[PDB]
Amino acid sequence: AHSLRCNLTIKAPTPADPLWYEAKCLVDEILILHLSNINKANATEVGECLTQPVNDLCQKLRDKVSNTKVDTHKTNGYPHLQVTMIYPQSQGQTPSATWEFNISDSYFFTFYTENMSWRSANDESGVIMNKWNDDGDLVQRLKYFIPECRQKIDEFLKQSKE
């Protein structure tokens, strides 16, 4: 129930809305971290530790989105990306994160850090996934995201539950 949850949105900026990334990390209702390009406690310490790995990941995901070949939503335009990081996953043997990708409500895939495995919702999702799947830097960022702040995170999740 009370785990670390991070929500990332990556979209094209407009003159009306100049936001192209936003990150919220939550432990239950309490907001650990809120980041965006527009602006921006054991909880303050976790938030501080996650700040850089989050910024750099968001920048990196936009790079990936910009250079990648997505045609669905009828190639409506620049794709919209939602990412959900959950730690710890319920079905893990050892505590590990999952990373859930939604591109434009068309493509859905998930990375399981425990066994470095990827899974998609469907065939067309698998194509995109497998192209991301071999961006080594990407994979390593995802894999070593939680390990960077592990102690601060685990300790905080332990104090919640009290």
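All residue numbers refer to positions in the sequence shown, first residue = 1.
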Which fits the stretch between residue 40 and residue 41: none, 1 to 3, 4 to 9, or 10 or more deposited residues lacking coordinates? 10 or more
Of 62-70 and 122-130, the one with larger mean CA B-factor: 62-70
Looking only at CA atoms, which has the higher mean B factor in the entry: 138-146 or 20-28? 20-28
For the listed 102, 117, 96, 44, which has the peak Cα B-factor recorded in the PDB entry? 44
The third of the chain into which the C-alpha temperature factor of residue 6 falls is the lowest
